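What follows is one structure encoded as C-alpha coordinates, with my remarks underneath.
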Amino acid sequence: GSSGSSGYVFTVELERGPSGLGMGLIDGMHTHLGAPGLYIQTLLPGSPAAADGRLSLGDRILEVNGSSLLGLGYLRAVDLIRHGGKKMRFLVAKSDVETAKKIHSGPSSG
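If you're matching positions, the sequence shown starts at 1 in the deposited numbering and goes up one per residue.
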(Lines of atoms letter the chains of each structure in order from A and count residues from 1; the text may use other names and numbers.)
(Lines give C-alpha, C1' and ligand atoms only; values in the text may rest on other atoms or scores of the structure.)
Protein backbone atom coordinates (compact mmCIF):
# COMPACT_ATOMS: atom_id res chain seq x y z
CA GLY A 1 0.00 0.00 0.00
CA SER A 2 0.96 3.63 0.47
CA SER A 3 -1.39 5.45 2.83
CA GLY A 4 -1.13 9.15 3.56
CA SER A 5 -2.66 12.14 5.31
CA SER A 6 -2.20 12.80 9.01
CA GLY A 7 -4.34 11.28 11.73
CA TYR A 8 -4.79 12.03 15.41
CA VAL A 9 -2.36 12.99 18.15
CA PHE A 10 -2.17 11.59 21.66
CA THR A 11 -0.54 12.83 24.84
CA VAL A 12 1.69 10.75 27.08
CA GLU A 13 1.95 11.40 30.81
CA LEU A 14 4.73 9.49 32.53
CA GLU A 15 6.75 9.86 35.71
CA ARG A 16 10.49 10.35 35.41
CA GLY A 17 11.70 6.92 36.48
CA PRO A 18 14.96 6.15 38.31
CA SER A 19 16.58 5.84 34.90
CA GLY A 20 15.03 9.03 33.57
CA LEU A 21 12.26 7.47 31.53
CA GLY A 22 13.33 5.29 28.62
CA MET A 23 12.72 6.69 25.16
CA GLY A 24 15.47 6.22 22.60
CA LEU A 25 14.53 9.31 20.62
CA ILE A 26 16.63 10.15 17.58
CA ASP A 27 16.74 13.00 15.10
CA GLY A 28 14.69 12.10 12.05
CA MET A 29 17.68 13.39 10.14
CA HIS A 30 19.79 10.59 11.56
CA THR A 31 17.15 8.02 10.66
CA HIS A 32 16.38 7.04 7.08
CA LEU A 33 13.41 9.34 7.55
CA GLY A 34 15.94 12.05 6.77
CA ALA A 35 13.24 14.37 8.05
CA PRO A 36 13.47 17.00 10.79
CA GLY A 37 12.02 16.27 14.22
CA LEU A 38 12.44 13.70 16.96
CA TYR A 39 11.17 10.14 16.77
CA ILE A 40 10.99 7.08 18.99
CA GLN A 41 13.77 4.62 18.23
CA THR A 42 13.65 2.28 21.20
CA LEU A 43 11.71 1.64 24.39
CA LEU A 44 13.71 0.63 27.43
CA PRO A 45 12.31 -2.39 29.28
CA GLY A 46 12.47 -1.09 32.84
CA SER A 47 11.20 2.31 31.78
CA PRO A 48 7.92 4.22 32.14
CA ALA A 49 7.84 5.13 28.46
CA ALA A 50 7.70 1.43 27.69
CA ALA A 51 5.53 0.53 30.65
CA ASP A 52 3.11 2.91 28.98
CA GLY A 53 2.68 0.74 25.90
CA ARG A 54 1.22 3.38 23.61
CA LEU A 55 4.68 4.71 22.85
CA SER A 56 5.60 2.81 19.71
CA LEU A 57 8.88 2.61 17.82
CA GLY A 58 9.06 5.29 15.16
CA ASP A 59 6.60 7.53 16.96
CA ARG A 60 7.22 11.24 16.55
CA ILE A 61 7.33 13.65 19.47
CA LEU A 62 5.77 17.09 19.21
CA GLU A 63 5.84 18.55 22.71
CA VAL A 64 7.75 17.87 25.91
CA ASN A 65 6.41 18.95 29.28
CA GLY A 66 4.38 21.57 27.45
CA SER A 67 7.44 22.64 25.50
CA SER A 68 6.91 23.04 21.77
CA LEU A 69 9.57 21.00 19.99
CA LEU A 70 9.22 22.89 16.73
CA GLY A 71 12.74 23.99 15.87
CA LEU A 72 14.23 23.08 19.23
CA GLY A 73 17.61 21.55 18.47
CA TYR A 74 17.83 17.84 19.19
CA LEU A 75 20.09 18.71 22.11
CA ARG A 76 17.68 21.32 23.41
CA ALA A 77 14.87 18.79 23.19
CA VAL A 78 16.96 16.08 24.81
CA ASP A 79 17.83 18.59 27.50
CA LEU A 80 14.18 19.35 28.12
CA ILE A 81 13.43 15.69 28.72
CA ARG A 82 16.73 15.36 30.53
CA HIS A 83 15.96 18.19 32.92
CA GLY A 84 12.32 17.19 32.88
CA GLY A 85 10.28 16.77 36.05
CA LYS A 86 8.44 14.26 38.20
CA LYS A 87 5.70 14.53 35.59
CA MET A 88 6.87 14.19 32.01
CA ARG A 89 4.45 15.10 29.25
CA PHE A 90 4.93 14.30 25.59
CA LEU A 91 2.85 15.05 22.52
CA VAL A 92 3.43 12.25 20.04
CA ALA A 93 1.47 11.53 16.88
CA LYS A 94 0.26 8.09 15.88
CA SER A 95 2.52 7.46 12.91
CA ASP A 96 2.39 4.57 10.47
CA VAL A 97 4.59 1.49 10.39
CA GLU A 98 6.60 2.61 7.39
CA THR A 99 7.56 5.66 9.41
CA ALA A 100 9.13 3.37 11.98
CA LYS A 101 10.67 1.20 9.28
CA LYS A 102 12.80 4.16 8.27
CA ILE A 103 13.67 4.56 11.93
CA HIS A 104 14.51 0.88 12.19
CA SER A 105 15.57 -0.72 8.93
CA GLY A 106 13.75 1.16 6.20
CA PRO A 107 12.79 0.00 2.69
CA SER A 108 15.23 -0.87 -0.06
CA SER A 109 18.09 -3.08 1.07
CA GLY A 110 20.82 -0.74 2.27
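By construction, the Cβ of each residue, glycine as well, lies at the ideal position given by its N, Cα and C atoms.
Looking only at its own chain, which residues have a Cβ that is under 8 Å from the Cβ of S109, when we skip the five neighbours before and after it?
In the sequence shown, the residue the question calls residue 109 occupies position 109. Same-chain partners within the cutoff: there are none.
Do the stretch 4-17 and the stretch 85-96 meet, that is, are 3 or more Cβ pairs less than 8 Å apart?
yes
Specify, as a first and last residue, the run of the alpha helix (DSSP H) that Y39 falls within.
Taking the first residue of the sequence shown as 1, we reach residue 39 at position 39. Not the alpha helix (DSSP H): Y39 falls in the beta strand (DSSP E), residues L38 to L43.
In chain order, what residues of the same chain lie with their CB nearer than 7 Å to the CB of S47, ignoring the 5 residues before and after it?
For the purposes of this step, residue 47 is taken as the residue at position 47 of the sequence shown. The residues are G17, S19, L21 and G22.
Hey, is the stretch 61-81 in contact with the stretch 35-50, meaning 3+ C-beta pairs nearer than 8 Å?
yes
Beta-carbon proximity check, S56 vs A100, cutoff 8 Å:
As a first step, residue 56 is located in the sequence shown; it is residue number 56 there, counting from the start. As a first step, residue 100 is located in the sequence shown; it is residue number 100 there, counting from the start. Yes. Within cutoff.
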